[PDB]
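This document opens with one chain alone, in structure tokens, the form deposited in one PDB entry.
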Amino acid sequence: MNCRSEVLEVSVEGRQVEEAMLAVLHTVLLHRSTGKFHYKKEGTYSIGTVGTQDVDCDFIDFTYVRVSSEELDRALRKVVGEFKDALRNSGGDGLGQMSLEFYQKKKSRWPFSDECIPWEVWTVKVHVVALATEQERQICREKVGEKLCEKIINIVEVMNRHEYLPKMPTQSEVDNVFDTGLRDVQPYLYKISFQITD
């Protein structure tokens, strides 16, 4: 049950912040979602099909795979955009982070005080750097791409090391484990937040 946390760090130009965050967040959500559950009265369930989609980055030499959910992608794009704005406007050293937390709603049989109990946290730290020339910008597109390849490999490797997943829920408790509010896909319950540290 013990909550697991992972931290990733990337250095990027301002114009790459959104794509870098989306690449990481969607890779994690690809692993932390399933098809929509449809229960029968006896407690049996069928599971829908999750589609996936290649996404080319325009500001990074990189491609990531995401779940084919317009709703999920809209939600992530909104908060990532707000994070990028906050980072640009903060007037600091260009340092911030986003956290993606998977949690369960406490069951009555559980001895916890909080109503939301996390079981996985993913934190992506960013440092924004400014470049002087188109030359450097082109190089940065290539190099950030190579770093994101390393980050995705790291995500997959740590995924395999995380043994815990929530118990598959009965019909009465599905909303304690999964976000059932989307049409296409069924993510584990999650919250996204960000901080601006300097």
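Quick note: we count residues from 1 along the sequence shown, nothing fancier. Each form is matched to the other, and the largest set of C-alpha atoms that superpose within 1.5 Å is called the rigid core.
Missing here is the form deposited in another entry; even so, the following discussion is about that form.
- Only one of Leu131, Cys149, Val65, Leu165 has its C-alpha shifted by 2 Å or more between this form and the one not shown once the core is superposed, and that residue is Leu131.
- Remark: with the core as the superposition reference, the CA shift of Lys107 between this form and the one not shown reaches 2 Å or more.
- In the other form, the Cα atoms of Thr180 and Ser113 sit 3 Å or more nearer to each other than they do here.
- Between this form and the other one, the CA-CA gap for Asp114 and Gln171 narrows by 3 Å or more, being smaller in the other form.
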